[PDB]
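Visitor: The structure that follows is given in the form of structure tokens.
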Amino acid sequence: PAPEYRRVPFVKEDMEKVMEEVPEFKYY
Amino acid sequence: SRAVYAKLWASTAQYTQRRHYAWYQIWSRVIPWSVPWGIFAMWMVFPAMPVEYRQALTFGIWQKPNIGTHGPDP
Ligand SMILES: CCCCCCCCCCCCCCCCCC(=O)OC[C@H](COP(=O)([O-])OCC(O)COP(=O)([O-])OC[C@@H](COC(=O)CCCCCCCCCCCCCCCCC)OC(=O)CCCCCCCCCCCCCCCCC)OC(=O)CCCCCCCCCCCCCCCCC
């Protein structure tokens with residue numbers, strides 16, 4: 001009795017909009 | 001993701017500005033050494049200046065030595 005896997009389809013997204021979701025990070 | 005990789009690349013874009021901030025930090029620790037070296041310099045050249053100027057930098061405190069010689073002529 002294997003588990004039921006939900007599907008996650010590939011989607012094409014605008015790069016500039018996905019950058020609004022990246023966590024803040026500072027090196028300097 | 002390409003978005004993540006872009007933010008990591010850009011993290012070090014302002015190298016030149018951060019070096020300038022380093023300049024400020026170090027020069028703020030070093031610049032006070034100018035006061036000791038400045039006091040000694042004036043201390044050394046004080047006796048080579050005219051009498052009139054020596055009485056000005058001290059607000060009339062300094063005066064000629066009184067050792068008992070070279071007094072007024074009757
Ligand atoms: C718990 C322990 C306790 C223990 C017991 C207590 C211990 C303490 C007891 C101590 C007692 C005293 C002891 C004796 C000491 C004195 C005697 C002495 O030592 O004399 C020396 C002795 C003889 O002395 P002398 O030459 O006859 O003295 C003549 C005088 O100097 C005559 O000098 P002059 O007349 O030519 O010039 C004087 C003039 C000199 O004047 C000047 O030069 C400058 C004057 C103008 C200053 C303008 C300042 C403008 C800015 C003001 C800012 C104000 C701010 C106010 C803020 C207010 C805030 C509310 O000063 C004045 O006119 C008076 C000053 C009045 C004005 C007030 C302002 C003063 C300056 C302040 C500066 C800033 C301070 C604060 C800084 C930090 C904060 C910013 O010499 C010897 O014994 C020589 C022996 C041979 C030595 C050989 C050495 C080695 C040789 C070989 C070398 C090669 C090998 C290398 C070896 C290296 C070895 C290291």
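Each chain in the structure tokens gets a letter, A, B and so on, in the order shown; residues start at 1 in every chain, and ligands are counted from 1 in the order they appear.
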Write as a PyMOL selection string the residues around ligand 1, taking 7 Å as the cut-off and counting only C-alpha atoms and all ligand atoms.

Guide: chain B and resi 39+42-44+46-47+57-59+61-62

Visitor: Would you kindly return, as a VMD selection string, each protein, DNA or RNA residue with an atom no farther than 12 Å from any atom of region 13-17 of chain A, considering only C-alpha atoms and excluding same-chain residues fewer than 5 positions away?

Guide: (chain A and resid 22) or (chain B and resid 1 to 7)

Visitor: Show me a table, sorted first by chain and then by increasing residue number, of the residues of chain A having an atom at most 9 Å from chain B, each with its shortest atom pair and the distance in Å to one decimal, counting only C-alpha atoms and written as a tab-separated table.

Guide:
residue	atom	partner	partner_atom	distance
A:15	CA	B:3	CA	6.2
A:16	CA	B:3	CA	7.7
A:18	CA	B:3	CA	6.5
A:19	CA	B:3	CA	5.3
A:22	CA	B:4	CA	6.4
A:23	CA	B:4	CA	8.8
A:24	CA	B:7	CA	8.8
A:25	CA	B:11	CA	7.6
A:26	CA	B:11	CA	6.2
A:27	CA	B:11	CA	5.8
A:28	CA	B:12	CA	7.0

Visitor: Taking the backbone alone, and naming residues the way the document does, which bits of chain B are helix (DSSP H, G or I) by DSSP, as a PyMOL selection string?

Guide: chain B and resi 2-10+15-48+51-54

Visitor: Could you please determine the separation between CA of residue 64 (chain B) and CA of residue 50 (chain B) in Å, to one decimal place?

Guide: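 Between CA of residue 64 (chain B) and CA of residue 50 (chain B) the gap is 11.4 Å.
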
Visitor: Kindly give the distance, in Å, that separates CA of residue 36 (chain B) and CA of residue 52 (chain B), rounded to a single decimal.

Guide: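 Between CA of residue 36 (chain B) and CA of residue 52 (chain B) the gap is 25.4 Å.
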